[PDB]
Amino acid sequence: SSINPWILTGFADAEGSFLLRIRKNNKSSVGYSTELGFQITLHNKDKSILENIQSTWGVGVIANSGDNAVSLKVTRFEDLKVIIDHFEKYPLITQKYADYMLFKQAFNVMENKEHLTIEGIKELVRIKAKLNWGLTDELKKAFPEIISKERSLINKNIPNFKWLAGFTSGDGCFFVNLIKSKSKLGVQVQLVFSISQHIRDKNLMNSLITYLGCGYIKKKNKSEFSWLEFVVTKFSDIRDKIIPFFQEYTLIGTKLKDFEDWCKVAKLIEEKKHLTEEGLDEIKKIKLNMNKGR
């Protein structure tokens, strides 16, 4: 069905990863082989998005990824030209853009077939050192060196509303909270919209307040890790801003159905049916089919 290219780039900001493998290989002339590419891993229920993306781009192979997940991997060298073209025209805007640029530099090394020389393998190692998690211990041991060039700090604005629809389809969440008290009904129904993201993109998440004209930021930490949530819990902002936004700029994948169910609940709250017993049980049943499982 062909995905809008900005929907795709938002989705990639939220679900894509680049990869640069530099593998010790006794069968290779320089003792190392490589593999360059881009991949997306989703729950099986979202296999269709990957099928559709594959068809849109015309590249990539789909395979299971463990018990409950499926992946679209693009590593065939010629096919990376499609990836490069797309992200040149519709650039990523999270810190993943830097990983993209690292990926582009490795592609050039290999385009010139330098990866078949030891000096080329060393270049890819330097490029890899700043990519994603960086070098393994093995590579750190075989190519000891000081990485001087620090990572480039991406600072780009939400380019348009479609990017944000694709982004939310990846890392967003539409949730029906059941706040149990002791009232006559003893359950307050609260719609929650949120987007989760690593602290490295706090500026982008922060901007969502101005961009959507509602919501707020929760900072979260656990040991050495830090992440951020853009959250909307105000019903009037759900009704007047959040819902209309995704009614026009469509979500993709199964989260679309979560949003639809979310909306059915929202209409029930707008009719004050969440305050009756019969509406509550309706809301309960709708919640049961949402998000995990479905």
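Position 1 is the first residue in the sequence shown; the rest follow in order.
Taking the recorded C-alpha temperature factors, which stretch has the higher mean, 26 to 34 or 249 to 257? It is 26 to 34 that shows the higher mean C-alpha B-factor.
Which is higher on average in the deposited entry, the C-alpha temperature factors of 180 to 188 or of 103 to 111? Looking at the recorded C-alpha B-factors, 180 to 188 comes out higher on average.
Could you tell me which one of 97, 163, 175, 77 shows the highest CA temperature factor in the PDB record? If I rank 97, 163, 175, 77 by C-alpha B-factor, first place goes to 77.
Go through 204, 147, 199, 92 one by one and give the residue whose Cα B-factor in the PDB entry is largest. Within the set 204, 147, 199, 92, 147 shows the top C-alpha B-factor.
Going by what the PDB entry lists, where does residue 224 fall on CA B-factor within its chain: lowest, middle or highest third? Middle third - that is where residue 224 ends up once the chain's C-alpha B-factors are sorted.
Where the record places residue 55 (Cα B-factor, split into thirds across the chain): Its C-alpha B-factor belongs to the highest third of this chain's values.
Using the B-factors in the PDB entry, rank residue 238's C-alpha atom against the chain and give the third, lowest, middle or highest. Middle third, going by the recorded CA B-factors of the chain.
Just say lowest, middle or highest third for the CA B-factor of residue 170 relative to the other modelled residues in its chain. As the PDB entry reports it, the C-alpha B-factor of residue 170 lands in the lowest third of its chain.
Among the modelled residues of this chain, does the Cα B factor of residue 120 put it in the lowest, middle or highest third? CA B-factor rank for residue 120: highest third.
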